[PDB]
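Next up is one chain by itself, shown in structure tokens, the form solved without the named molecule.
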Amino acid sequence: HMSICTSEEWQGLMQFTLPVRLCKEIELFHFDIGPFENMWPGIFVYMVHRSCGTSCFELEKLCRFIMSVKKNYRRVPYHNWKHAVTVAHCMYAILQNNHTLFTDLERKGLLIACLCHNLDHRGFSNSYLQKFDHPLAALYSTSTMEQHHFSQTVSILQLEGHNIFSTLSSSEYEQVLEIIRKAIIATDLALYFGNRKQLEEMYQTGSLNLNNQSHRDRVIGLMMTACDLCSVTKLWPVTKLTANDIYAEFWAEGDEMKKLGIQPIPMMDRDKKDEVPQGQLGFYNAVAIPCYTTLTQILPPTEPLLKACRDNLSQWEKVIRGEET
């Protein structure tokens, strides 16, 4: 049921060389992979090698894994291959800036989790799947798509010559799969609200302890949210263009809801585009800003993400005031 890359595909990736100019740029939080589509797979290989080492994974297996992962992302407007690499790059930037706070197992697990976090997304939300009793909602009662994304990740690792984690001891193997499962499930925004509230209290009260596994899991969860939403931390033109894709996907879902006799939320109604600016403002104030604010308190080096988010919030406010260019 899983798609598999071709020999030419992974062999081409193995021989790929990243332009010297980008080496400096890829380290920055605001880096936009947009202009370099043919290089996305190679960019991921580069990040894995710089963060985990060139010997962390068998090159041949890593290349097969990456190209097959790409082949299992669908041609949807937003939750696609581009999104996956964008999220993985944000994680790379976070890890590079807080390197020793995480174990080697955590860094390799997290970069991989980010690349695979939206595998086989069909362009429909958990709300849709549960509202219309999709088979997936029956199998996964909560965090529906996220549980599916993890299942898809394991399915790729089970493909011949694709298990990049097989060389880990049985103990570390089980541990990394758990790191990945928890990280992917954490991308369910429904869980973000409680997680951020919990982390904020632990931070303010001074009880946050990174040698406490449950605390580490929560911090990693917030990192996943921060990476998943990073489009709001790019330069305004990039953030605005990405919003177009996000809504294109939303509107298609809303169209299906109307066909089922249900009026969609305004956000998914293509006949209510005038409400988008205020909708974005609401998302930034209720989700984005608090996320990066707490992330910055726990991991000071991530401050650039918060600054960029604040700048884009100001841009949406300008749109609401009718000052758009």
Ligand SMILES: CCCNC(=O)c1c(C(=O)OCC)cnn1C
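Residues carry their position along the shown sequence, with the first being 1.
Another form, the form deposited with the named molecule bound, is not on view; read the next lines as being about it.
Of the residues 157, 246, 129, 168, just one reaches the named molecule in the deposited bound form with a heavy atom at 4.5 Å or closer; this is 246. This chain is displayed alone, yet in the deposited bound form one of 229, 179, 164, 222 has a heavy atom within 4.5 Å of the named molecule; that residue is 229. Contact annotation: the named molecule lies within 4.5 Å of heavy atoms from the stretch 277 to 285 in the deposited bound form, the single such stretch among 277 to 285, 31 to 39, 295 to 303, 57 to 65.
Taken together, the three residues 79, 189 and 250 all come within 4.5 Å of the named molecule in the deposited bound form, as judged by their closest heavy atom. For the chain shown alone, residue 43 is not a contact residue for the named molecule in the deposited bound form, no non-hydrogen atom being within 4.5 angstroms.
Though the partner is left out of this view, residue 289 does not reach within 4.5 Å of the named molecule in the deposited bound form, counting heavy atoms only.
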